[PDB]
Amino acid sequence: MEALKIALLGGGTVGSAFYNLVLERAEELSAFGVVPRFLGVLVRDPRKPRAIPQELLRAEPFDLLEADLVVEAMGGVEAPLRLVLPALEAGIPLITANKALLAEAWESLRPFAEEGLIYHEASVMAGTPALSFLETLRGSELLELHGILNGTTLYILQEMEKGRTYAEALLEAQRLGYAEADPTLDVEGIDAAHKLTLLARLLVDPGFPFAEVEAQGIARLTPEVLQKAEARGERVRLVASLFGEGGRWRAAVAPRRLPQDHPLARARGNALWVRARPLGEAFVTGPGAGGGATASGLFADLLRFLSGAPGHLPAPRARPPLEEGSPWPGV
């Protein structure tokens, strides 16, 4: 039996859900050979109301080199990056739910991803299987991928069909915990773009640049637009697409008119839909955002690590596109 010493960065909705999940499942962990011991949890206010014991909180950075694992769910890019890099350099794995970090600091983080040090299931659709889904889909070659990767904007659109306004639905969305710190990342497509980028690097091109994703959010959408779509037998959704065009992978986020019976249209939560050769059509759906949902993903990754498996490896080499996609109707 061994101690698994964990440094947690962030003690918010996710961090705190992860902390309590780990301790609540310590019996499971013992069957994996370990007892979980948190070194410290990095936060900003160490004395406010929080669902972690106060003495574990650290309002300043602390040395991570004695940890066996670093778990990050602090948000942002350059601050977690600088905090994680010395741990990575020492061969200490990272488990993160932070898609911005991986999408926008990939020049620094790719080499550690490639040696299997980075686990990040929770960074796309929370603890819904997305990355593991794609890992199994690698048995085939992608033809087209379409996801509804952002839960905030899904919630908002669901509410506006029901005739609620953007602002009341976003407000409602932010109470329920779905949005990023700044909901602009959600409603402009950027958070979907970060997720889509990570999917692209896993499946089709390990160098895929976040800057190459074309992203348009839901700012032109209203209840009227959505309800008129319903009347044509369609649903409008924000969709993240990956497809070949002129021999290269293209990545877009935009609102799309979907047939109402399409798997993407009938999903109540977040969803990833592929067509691949020779498998065919496959689809995964589940909760894409929330504390418990994300902590599930991070805990799934801890068990993966404990099992002796590497983190989520980028594609070993870029894959040649088989077909010209370019499906589509925008809005």
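Rigid core here is just the name for the largest C-alpha set that superposes within 1.5 Å across the two forms. Residue numbers run from 1 along the displayed sequence.
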Positional deviation of Cα atoms in 5 other deposited structures of this protein after core superposition, greater for 176-184 or 242-250: 176-184
Higher-deviation stretch (C-alpha RMS, rigid core fit) in 5 other deposited structures of this protein, choosing from 153-161 and 166-174: 166-174
227-235 or 85-93, whichever carries the higher mean Cα B-factor: 227-235
Average Cα temperature factor in the PDB entry - higher stretch of 251-259, 153-161: 153-161
Residue of maximum C-alpha B factor among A122, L242, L101, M74, per deposited coordinates: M74
Selection from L302, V284, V35, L65 [criterion: highest C-alpha temperature factor in the record]: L65
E78 - Cα temperature factor, lowest/middle/highest third of chain: middle
Assigned third (lowest, middle, highest) for the C-alpha B factor of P61: highest
Relative C-alpha B-factor of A295, binned into the chain's lowest, middle or highest third: lowest
Where the record places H312 (Cα B-factor, split into thirds across the chain): lowest
Relative C-alpha B-factor of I6, binned into the chain's lowest, middle or highest third: middle
